[PDB]
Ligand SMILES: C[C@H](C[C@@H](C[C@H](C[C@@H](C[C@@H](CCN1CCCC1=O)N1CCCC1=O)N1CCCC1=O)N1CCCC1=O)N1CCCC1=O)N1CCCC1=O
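Here you get one chain, nothing else, as structure tokens; it is the form solved without the named molecule.
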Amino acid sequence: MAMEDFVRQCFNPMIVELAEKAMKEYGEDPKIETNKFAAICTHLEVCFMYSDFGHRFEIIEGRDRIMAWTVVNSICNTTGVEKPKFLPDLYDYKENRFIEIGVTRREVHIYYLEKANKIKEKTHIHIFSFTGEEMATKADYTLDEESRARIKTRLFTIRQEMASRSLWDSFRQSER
């Protein structure tokens, strides 16, 4: 699979390994579910990028479940903020709120409703597309123009890379 080769070549090994771990532990093979693998990596990278543009953010996504919940509990105990039912992706120490990060091959409003419906919580939601569109709750985009622009550019580059290798048509039809 070119798709597996693309993944190993466009994401850095820590991300690839983190994505592989999370698939394999749940009995999913990244050489078979190659679109899912590419999606997990993409989303991981966005979460890491989002975190890196701030010690403003706590990274929750990408840790094992014990650690993610340890981090969430520890944030809750010290800030007082409500404990989410689902593991979010980051915590924002400036805005004092969790963030759910969405990356979608579909329209941002569509994916946004899917997320908000799933955590109907007082978690902030920020959706990115592979087209440069974003949507965030209350149109509050958390980051500055430049950090958002780097995320959008990276996502658009992944898409175009996939398109170079004729993987994009498959990739975008494999989301809900």
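Note that residue numbering follows the sequence shown and begins at 1. Rigid core here is just the name for the largest C-alpha set that superposes within 1.5 Å across the two forms.
Keep in mind the form deposited with the named molecule bound is missing from the figure; the text below concerns it.
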query: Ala163: touches the named molecule in the bound PDB entry, heavy atom cutoff 4.5 angstroms; finding: no
query: is_contact(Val108, the named molecule) in the bound PDB entry, heavy atom dist at most 4.5 Å; finding: no
query: is_contact(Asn12, the named molecule) in the bound PDB entry, heavy atom dist at most 4.5 Å; finding: yes
query: is_contact(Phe48, the named molecule) in the bound PDB entry, heavy atom dist at most 4.5 Å; finding: yes
query: Partner-contacting position among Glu133, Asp140, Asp144, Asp52 - heavy atom within 4.5 Å of the named molecule in the bound PDB entry; finding: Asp52
query: Residues within stretch 17 to 34 having a non-hydrogen atom within 4.5 Å of the named molecule in the bound PDB entry; finding: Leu18
query: Is_shifted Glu161 between the shown form and the other one (CA, 2 Å cut-off, rigid core); finding: no
query: Core superposition between the shown form and the other one, C-alpha change of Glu17 at least 2 Å; finding: no
